[PDB]
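Everything on this sheet refers to the single structure shown next.
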Amino acid sequence: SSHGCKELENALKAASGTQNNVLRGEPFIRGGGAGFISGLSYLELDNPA
Amino acid sequence: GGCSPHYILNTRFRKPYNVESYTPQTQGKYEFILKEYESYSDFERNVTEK
Ligand SMILES: *[C@@H]1O[C@H](CO)[C@@H](O[C@@H]2O[C@H](CO)[C@@H](O)[C@H](O)[C@H]2NC(C)=O)[C@H](O)[C@H]1NC(C)=O
């Protein structure tokens, strides 16, 4: 009597992912009080208006 | 001499003789640029012999 077995497994995983997130803004003011200019031109990203 | 009335808001100024103008030409330019980048990559294997 004689017996043989062979067993083989191969498994592969590959994963990938990317983000690009660009934000730009350029508020511009002429006239009025310099403090109001600077305070308002400063970009409140939550309220760009 | 001089002593022409020059005002900014309610404040009145005396201009130097040398100065032609000093005038409140107010302006403001803000500029915001945010760039975020991510990459990930994953690699695995599992391999068996009996
Ligand atoms: C290689 O084998 C391991 C062990 O089985 C794998 O990780 C297991 O995966 C199962 C199913 O996703 C989970 O339930 C187990 O909790 C994991 N255990 C561990 C220790 O990670 C792994 O995913 C296999 N990799 C490949 C490329 O085949």
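No Cβ is skipped: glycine too gets one built from the backbone with ideal geometry, and neighbour counts run over all protein chains shown. We did not get these values from a lab; they are worked out from the coordinates using the rules stated.
Near the amide H of B:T26, under 5 Å away, which other amide H atoms are found, from residues 5 or more places off or on another chain, if H is placed in the peptide plane? It is A:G31, by chain and number.
Using 17 Å as the cut-off for backbone N distance, which residues of the range A:5-36 belong to the label zone defined by a point 7 Å from the Cα of B:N46 along Cα→Cβ? Within reach of a label on B:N46, which here means backbone N under 17 Å from a point 7 Å along Cα→Cβ, the range A:5-36 contributes A:7-15.
The GluC sites (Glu not before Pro) found in chain A that occupy coil by DSSP, while having at most 12 further C-beta atoms within 10 Å, are A:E7, A:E44. Among the chymotrypsin sites (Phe, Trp or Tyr not before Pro) in chain A, those located in a DSSP loop and surrounded by at most 14 other Cβ atoms within 10 Å of their own Cβ are A:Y42. Taking the Cα centre of chain A as reference, the dipole from Cβ charges on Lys and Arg (+1) and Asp and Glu (-1) amounts to some 140 debye. Just want the answer: with Cβ charges of +1 for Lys and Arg and -1 for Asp and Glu, which residue in B:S39, B:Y22, B:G1 is farthest toward the dipole's positive end in chain B? Sorting the options by dipole projection puts first B:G1.
Placing +1 on each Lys and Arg Cβ and -1 on each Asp and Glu Cβ, with no other charges, gives chain B a dipole about its Cα centre of roughly 660 debye. Expressed in Å, the radius of gyration and Dmax of the Cα atoms of the protein assembly as shown are 34.7, 128.
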